[PDB]
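Reading through the structure tokens given below for one structure.
All Cβ positions, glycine included, derive from the backbone under ideal geometry; neighbour counts span all protein chains shown. Here, each number is a calculation from the coordinates, and none is a lab measurement.
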Amino acid sequence: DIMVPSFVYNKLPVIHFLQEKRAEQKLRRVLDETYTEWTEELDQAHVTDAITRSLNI
Amino acid sequence: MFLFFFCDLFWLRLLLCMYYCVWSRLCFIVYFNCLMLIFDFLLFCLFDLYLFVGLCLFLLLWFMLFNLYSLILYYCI
Ligand SMILES: CCCCCCCCCCCCCCCCCC(=O)OC[C@H](COP(=O)([O-])OCC(O)COP(=O)([O-])OC[C@@H](COC(=O)CCCCCCCCCCCCCCCCC)OC(=O)CCCCCCCCCCCCCCCCC)OC(=O)CCCCCCCCCCCCCCCCC
Ligand SMILES: CCCCCCCCCCCCCCCCCC(=O)OC[C@H](COP(=O)([O-])OCC[N+](C)(C)C)OC(=O)CCCCCCCCCCCCCCCCC
């Protein structure tokens, strides 16, 4: 009725602070894993060159 | 021989019930050293070294309810 309740009350602020940091840590890691991915596609000039060769030019 | 008597804490028990039906933080402890046995970090004990905290707290409360209030005249230990 008295003792355990008081010590639970004492624990609340630190646990709240640590869990807020843990949540921020998760969000930070989520952002850090994001990285714009640029793709490379076959240049059309080689297509235009193969087109020309096929013509027997 | 069986003597039936009562402690002198009944009013204090009433006050405890009245004032501790809701939770309150405790930040001042007469014997705080029972909570901090290890002072160098990375040291740990496999023995239940914090088993004394509860008994310590209850003993402090009981002995304080008796001894400190005994300064009031006619209060009995
Ligand atoms: C022959 C004559 C009679 C006597 C017979 C005795 C027989 C003895 C047999 C042999 C035994 C040998 C060994 C003895 C060793 C003694 C050692 C000793 O005393 O050490 C000191 C030591 C002192 O301790 P303490 O620090 O003072 O704390 C104990 C306190 O009790 C306070 O501690 P606590 O507050 O932590 O306790 C918890 C408390 C938590 O707090 C509370 O619950 C609050 C209430 C506290 C009550 C207890 C305190 C008592 C205060 C004094 C008496 C109050 C007024 C009584 C009025 C009497 C009027 C005549 O809860 C309770 O007390 C639970 C009970 C609650 C009862 C509520 C009843 C409600 C009824 C409502 C009815 C409504 C009807 C409506 C109808 C409508 C119709 C239209 O005593 C003890 O530890 C207890 C010793 C008991 C040993 C066992 C004895 C056997 C049982 C006997 C029962 C007799 C019943 C019949 C009586 C009938 C009237 C005559
Ligand atoms: C943390 C430290 C706490 C320190 C507290 C300090 C309190 C200071 C008190 C100043 C004086 C008070 C005078 C009161 C007078 C009352 C009427 C009277 O006649 O009394 C005379 C009585 C006796 O005076 P007397 O001995 O002259 O009486 C004469 C009577 N004849 C002649 C018949 C013998 O005064 C006292 O006994 C007062 C002593 C007080 C000592 C301090 C007790 C502190 C511990 C109890 C704290 C309780 C807190 C509870 C809170 C709730 C808990 C859940």
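Does A:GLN44 qualify as being away from every other protein chain (no Cβ under 14 Å) and over 22 Å from the mean Cα position of the chain (by Cα)? Spelling it out, A:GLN44 is indeed away from every other protein chain (no Cβ under 14 Å) and over 22 Å from the mean Cα position of the chain (by Cα). Taking into account only those residues within segment B:11-54 that are more than 16 Å from ligand 1 (Cβ to nearest atom) and of a type in the set (D, E, K, R), which is surrounded by the fewest Cβ atoms within 10 Å (Cβ to Cβ)? Selected residue: B:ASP40. Of everything listed in (1) under 30 Å from A:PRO13 (Cβ atoms); (2) of a type outside the set (S, T, N, Q); (3) part of a helix (DSSP H, G or I), the single unmet condition for B:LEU49 is (3).
Between B:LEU59, B:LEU26, B:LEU15, which is outside any loop (DSSP other than H, G, I, E, B), within 14 Å of chain A (Cβ to nearest Cβ) and within 16 Å of ligand 2 (Cβ to nearest atom)?
After ruling out the rest, the residue left standing is B:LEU15.
The condition of being farther than 30 Å from B:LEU35 by Cβ and without any contact (Cβ under 8 Å) to a residue 24 or more places away in the chain holds for only one of A:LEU18, A:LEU12, A:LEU31, that being A:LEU31. Please determine whether any residue of segment A:1-11 is in a loop (DSSP other than H, G, I, E, B), within 14 Å of chain B (Cβ to nearest Cβ) and under 30 Å from B:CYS27 (Cα atoms). Within segment A:1-11, one or more residues are in a loop (DSSP other than H, G, I, E, B), within 14 Å of chain B (Cβ to nearest Cβ) and under 30 Å from B:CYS27 (Cα atoms).
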